[PDB]
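Participant: Build the 3D model from these lines:
(chains A and B, ligands or ions: 6)
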Number of protein chains: 2
Amino acid sequence: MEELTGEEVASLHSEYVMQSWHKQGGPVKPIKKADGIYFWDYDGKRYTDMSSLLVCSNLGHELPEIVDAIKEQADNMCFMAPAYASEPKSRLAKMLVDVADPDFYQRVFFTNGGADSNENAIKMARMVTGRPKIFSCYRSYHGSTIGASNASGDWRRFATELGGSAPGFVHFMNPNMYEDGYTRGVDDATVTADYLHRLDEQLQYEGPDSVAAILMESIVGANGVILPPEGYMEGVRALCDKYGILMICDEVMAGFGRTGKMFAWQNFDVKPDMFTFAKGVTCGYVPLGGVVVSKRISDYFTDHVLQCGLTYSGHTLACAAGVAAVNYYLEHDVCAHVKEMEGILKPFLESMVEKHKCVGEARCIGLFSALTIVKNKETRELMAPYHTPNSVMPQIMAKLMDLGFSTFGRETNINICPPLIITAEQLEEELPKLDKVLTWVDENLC
Amino acid sequence: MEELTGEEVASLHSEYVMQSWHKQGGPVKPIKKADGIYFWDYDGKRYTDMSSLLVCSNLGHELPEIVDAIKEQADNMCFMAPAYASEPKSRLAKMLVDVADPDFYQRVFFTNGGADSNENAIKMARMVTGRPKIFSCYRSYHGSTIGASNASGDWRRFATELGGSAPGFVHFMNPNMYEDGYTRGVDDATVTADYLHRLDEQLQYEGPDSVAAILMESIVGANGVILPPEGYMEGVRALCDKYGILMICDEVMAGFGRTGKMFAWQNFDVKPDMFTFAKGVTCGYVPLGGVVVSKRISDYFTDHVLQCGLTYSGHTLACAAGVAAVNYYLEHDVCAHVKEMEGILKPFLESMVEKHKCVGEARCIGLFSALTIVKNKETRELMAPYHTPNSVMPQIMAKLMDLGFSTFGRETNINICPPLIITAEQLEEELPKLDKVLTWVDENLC
Ligand SMILES: Cc1ncc(COP(=O)(O)O)c(C=O)c1O
Ligand SMILES: Cc1ncc(COP(=O)(O)O)c(C=O)c1O
Ligand SMILES: N[C@@H](CCC(=O)O)C(=O)O
Ligand SMILES: N[C@@H](CCC(=O)O)C(=O)O
Ligand SMILES: N[C@@H](CCC(=O)O)C(=O)O
Ligand SMILES: N[C@@H](CCC(=O)O)C(=O)O
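Facilitator: Numbering: from 1, shown residues only, chains lettered A, B, ... in the order given. Ligands and ions are numbered 1, 2, ... in the order given. What follows is the structure:
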């Protein structure tokens, strides 16, 4: 082939590619290769993927087991239509029900990504219950297509709402303990009592008989790893039981080992009626998402036609990578390694709280972590208040990117979501870089 | 693990897989392998893929050029994030702009499939024009997610409408010449004049200044290869020009050689402001879709933030498969071969009209074709009128499947959309199976 130079790759991109969530034509980094927890630009500089790209490359890059499964499947059958059974699609559905809970869940509806599966979970909840309304969090992101974007809490919904908001999407405010003035640990029962009651009250004023589902990120991800107050998720599950509302957990970012469990909702003593997934089901190697449905929902669509579908549902190549990814998580006890890696990451960030005036809070479950950056520790003034213009936080990400610490954040947060295969030696080598950049912020942005 | 038997693969699917557009748990055919224009169940029976699966496997199955590109990309880098340029993504955007028209189009917005590309095309049209409303045809399908399904005409939208129609989606009736009582040879100028005036009048009664886009399949596909009357598509383009409305053509099904041209809208004297694609950009081998946008639209999003995005946009593996597919279409002059195969398929289907009491009309452009099945040639009584319960058409589809002639249809139609690589000899072997089955319909369903 006519292999392109680094400059041509970034040149053509700036000129011909439509970039997500940006204005067109900026400068762009051209990436040549990735492997393990690293990737390289065409100048040869190495970046350590401390955010797993978009918290999706859970097993690092170029994992032989997934790469090999893909190539093997490509030699058999890259795609076969949804109307037919295939080995990878059959095996992955069983594996997913099994790791989720084979006594509660029954079927998996395969999709292309995250927005795709939230869209279909919404449609399925309205069909099963006969009710029109969907409750979702203001502090949440569920996708960019009109249905998932209407359910999404953060301001990316504003553009989708051009022409009008979609009917039946009611938003309720969920607690962000630090930003709301409280202190995790001490105040959990107070915040949980307050926000569970706010939600109960809003349900009553919307008519609980008309609310088909409550949809929640298992742990709010892109918007800052907002660990909920203890007991909050169980109370939501309790409200759903009281009112006949289905509970839908969004596992797109927090699933597949991110938190130390296969699914983040497994940290809570709740069985959601449905939950949605994508990123780590294949570590991003082939697009795949899905909906895991309870036995009750499975039964409903045995009697009624499931009015859902998409050309690539259960894509064969994609599922083959899924089988390899899931088998890797299990055979290599990746959750246990993630729980143990928590022991290096969590104490480190907590000490960044004590050591840095610009770091107000640290949250960490497994390798799912974030820092709240503040302009003023004493007043809790955020370094970038909600939906601020000219947030300085990209500036901070660029200082990090300069040391080979690649990550991202939204609002006033820095995420730290390294690949689940990262080692203690590797963490202890990268985290000093985060401390160095935090010091720069201390001295330049307060 | 241990390879699964056919009976194990079909059992696990029936028990654990969520099937699109069906009640759960039925019987299912397990497919073991695919190659060229065929695929095989686990007993070894061969099916000739006369519908290209979902009119997507444009270059057949396991085509070495795409298979190999996939493996080569998997050995380098399966995925790299949207914020980075990658060789396959830059090369595919330029190649796509180039085959579409480099003097008119500028950028490509990559998605995972067809539905999200229509979702995003809608979002962009509302952002670019500042207007809320989308016009689309009642006889159309654009996807199943809330946005694309509200834009879709056929009854699969009704489920999405649980909870309410999303605002700003106005539907207009497009002509199906045969089903409306006219004749494609002698009647186009009247039908075109009438339906353009109906659309103009409806645009006027909705406020043309409030219509951001008219969205239409270049040639209505899954709903029956409904070739438009002469001059209709050009007149739609004229109304858009008159009123400042963007024209969005959906090439998801009719793109990539299906009709004898690279894009079906290229059979008409129109350049759409945007057009959407999925299936044949990769022949389904890896999920990929997109929006090709004009220079004007690209300019808008140079000055304004493109508030669209998805985790897997510009997926690296998927794009590598795309580069190989598009290069094949061009290097092997697949369009020219499709035109010459049109010269076999069109006369055969036309001769099925003359030969069978049950065949009212034949439509065919390139290898994009369908038969209208009737209970009564004289009264034009359809064999399955719109949205009938207990359609007998699956019976016909099954009689065909029994001869190894695998296809599908919607409403009262049988599609014939074989892979673009099918040869004259192969056509001469398969088409007799369609003739045999039509005789059975003649004698058993009128
Ligand atoms: C928690 C969560 N849900 C849903 C999504 C949307 O997923 P996708 O990009 O695959 O449409 C994302 C991606 O940011 C996410 O982080
Ligand atoms: C013309 C057209 N547009 C859009 C779609 C939806 O595409 P997808 O199933 O990839 O989401 C289809 C699928 O049949 C289609 O035929
Ligand atoms: N995370 C963004 C991509 C980021 C970027 O394009 O700068 C997405 O949803 O695609
Ligand atoms: N047409 C369906 C095919 C699956 C089926 O018929 O079961 C789809 O969009 O996935
Ligand atoms: N029966 C066609 C299409 C099946 C489907 O609609 O999923 C085939 O697979 O060849
Ligand atoms: N923030 C991620 C991804 C941005 C994108 O999706 O392009 C990174 O910097 O690696």
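Participant: interface residues of the stretch 301-446 of chain A facing ligand 4?
Facilitator: Residues of the stretch 301-446 of chain A lying close to ligand 4 by C-beta under 6 Å from any ligand atom are A:309, A:310, A:311, A:313. C-beta here means a position set from N, CA and C on the backbone, and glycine is covered the same way.
Participant: Look through the stretch 201-350 of chain A and state the residue closest to chain B.
Facilitator: residue A:309 (3.0 Å; C-beta to the nearest C-beta).
Participant: Just give me the residue closest to the centre of chain A.
Facilitator: The residue lying closest to the centre of chain A (C-alpha atoms, centre = their mean) is residue A:253, at 1.6 Å.
Participant: Okay, and it sits in which element?
Facilitator: In the assignment (DSSP states H and E), residue A:253 maps to no helix and no strand.
Participant: How about residue A:390?
Facilitator: Here residue A:390 is assigned to no helix or strand, by DSSP H and E.
Participant: same thing with residue A:320?
Facilitator: Using DSSP H and E, residue A:320 sits in helix A:316-331.
Participant: returning to what we had before: just checking, the residue nearest to the centre of chain A touches residue A:225?
Facilitator: No: with contact defined as C-beta atoms under 8 Å, residue A:253 does not reach residue A:225; the gap is 9.2 Å.
Participant: which non-adjacent residue is nearest the residue of the stretch 1-150 of chain A found nearest ligand 1?
Facilitator: As assessed by C-beta to the nearest ligand atom, ligand 1 sits closest to residue A:114 within the stretch 1-150 of chain A, at 2.2 Å. Ranked by C-beta to C-beta, 6 or more residues apart in numbering or on different chains and with sequence neighbours excluded, the top spatial neighbour of residue A:114 is residue A:252, at 3.7 Å.
Participant: Near that neighbour, how many residues? Count them for me, please.
Facilitator: Close neighbours of residue A:252, defined as other C-beta atoms under 10 Å in any protein chain shown, add up to 33.
Participant: ok, residue A:281 to residue A:322 distance?
Facilitator: Separation of residue A:281 from residue A:322 (C-beta to C-beta, to the nearest Å) stands at 5 Å.
Participant: for residue A:67, same thing?
Facilitator: 14 Å.
Participant: For these two, indicate the residue with more neighbours.
Facilitator: Each of residue A:67 and residue A:322 has its neighbours counted (other C-beta under 10 Å); residue A:322 has more, 33 against 21.
Participant: quick one on the thing from earlier: do you know how far the residue nearest to residue A:114 is from residue A:136?
Facilitator: 14 Å.
Participant: what do those two both touch?
Facilitator: residue A:142 (C-beta atoms under 8 Å, 6 or more residues apart in numbering or on different chains).
Participant: Look at the residue lying closest to residue A:59 once chain neighbours are set aside and tell me its secondary structure.
Facilitator: Counting by C-beta to C-beta, 6+ apart, residue A:283 is the residue found nearest to residue A:59 once chain neighbours are left out, at 4.9 Å. The three-state assignment at residue A:283 reads coil, by DSSP: H, G, I helix; E, B strand; the rest coil.
Participant: And residue A:165, by the same measure?
Facilitator: Under three-state DSSP, the three-state class of residue A:165 is coil.
Participant: in which helix or strand would I find the closest residue to it other than its chain neighbours?
Facilitator: Leaving aside its chain neighbours, residue A:165 sits nearest to residue A:150 (6.2 Å; criterion: C-beta to C-beta, 6+ apart). According to DSSP H and E, residue A:150 maps onto helix A:146-151.
Participant: and that helix, anywhere near ligand 1?
Facilitator: No: for a cut-off given as C-beta under 6 Å from any ligand atom, helix A:146-151 has no contacts with ligand 1; the smallest distance is 6.8 Å.
Participant: ok, the residue nearest to the centre of chain A - contacts?
Facilitator: By C-beta under 8 Å, 6+ apart, the neighbours of residue A:253 are A:54, A:55, A:56, A:114, A:217, A:221, A:222, A:279.
Participant: give me phi/psi at the residue lying closest to the last one once chain neighbours are set aside?
Facilitator: If the residues on either side of it in the chain are set aside, residue A:279 comes closest to residue A:56, at 3.3 Å by C-beta to C-beta, 6+ apart. Comment: the main-chain dihedrals of residue A:56 come out as phi -130, psi -40, following degrees, to the nearest 10.
Participant: And residue A:56, how close does it get to ligand 2?
Facilitator: Distance, residue A:56 to ligand 2, using C-beta to the nearest ligand atom, to the nearest Å: 21 Å.
Participant: got a list of what that residue touches?
Facilitator: A:253, A:278, A:279, A:280, A:283, A:284, B:79, B:311.
Participant: That one and residue B:314, how far apart?
Facilitator: Counting by C-beta to C-beta - residue A:56 and residue B:314 are separated by 14 Å.
Participant: Distance check, residue A:19 against residue B:151.
Facilitator: Applying C-beta to C-beta to residue A:19 and residue B:151 gives a distance of 25 Å.
Participant: out of those two, which sits in the busier spot?
Facilitator: Each of residue A:19 and residue B:151 has its neighbours counted (other C-beta under 10 Å); residue B:151 has more, 33 against 24.
Participant: what residues are up against the more buried one?
Facilitator: Residue B:151 neighbours (C-beta under 8 Å, 6+ apart): B:118, B:122, B:134, B:136, B:140, B:142, B:143, B:169, B:215.
Participant: With respect to residue A:409, which of those is nearest?
Facilitator: The closest of the contacts of residue B:151 to residue A:409 turns out to be residue B:122 (C-beta to C-beta; 29.3 Å).
Participant: Would you pull up the residue in the stretch 301-446 of chain A closest to ligand 6?
Facilitator: Closest point on the stretch 301-446 of chain A to ligand 6, by C-beta to the nearest ligand atom, is residue A:408, at 3.3 Å.
Participant: What sits closest to that residue if chain neighbours are left out?
Facilitator: residue A:51 (5.4 Å).
Participant: isn't the one you found right next to residue A:417, touching?
Facilitator: Yes: with contact defined as C-beta under 8 Å, residue A:51 reaches residue A:417; the gap is 4.9 Å.
Participant: Now the common contact residues for those two.
Facilitator: residue A:407.
Participant: Those two - which one has more neighbours?
Facilitator: residue A:417 (28 against 23).
Participant: measure that one to residue A:117 for me?
Facilitator: Distance from residue A:417 to residue A:117, by C-beta to C-beta: 20 Å.
Participant: Of the contacts of residue B:151, just say which sits nearest to ligand 4.
Facilitator: After measuring these against ligand 4 - C-beta to the nearest ligand atom - the closest member comes out as residue B:143, at 9.7 Å.
Participant: and that closest one, what element?
Facilitator: Here residue B:143 is assigned to no helix or strand, by DSSP H and E.
Participant: For it, which non-adjacent residue is closest in space?
Facilitator: The nearest residue in space to residue B:143 (C-beta to C-beta, 6+ apart) is residue B:115, at 2.6 Å.
Participant: The one you found: what secondary structure?
Facilitator: Taking three-state DSSP as the rule, one finds residue B:115 in the helix state.
Participant: quick one, domains of chain A?
Facilitator: A:1-62+A:333-446, A:63-332 (curated CATH domains).
Participant: Tell me which of those domains is the most buried.
Facilitator: Mean neighbour count (mean count of other C-beta atoms under 10 Å in any protein chain shown) peaks for domain A:63-332 among the domains of chain A, with a mean of 23.
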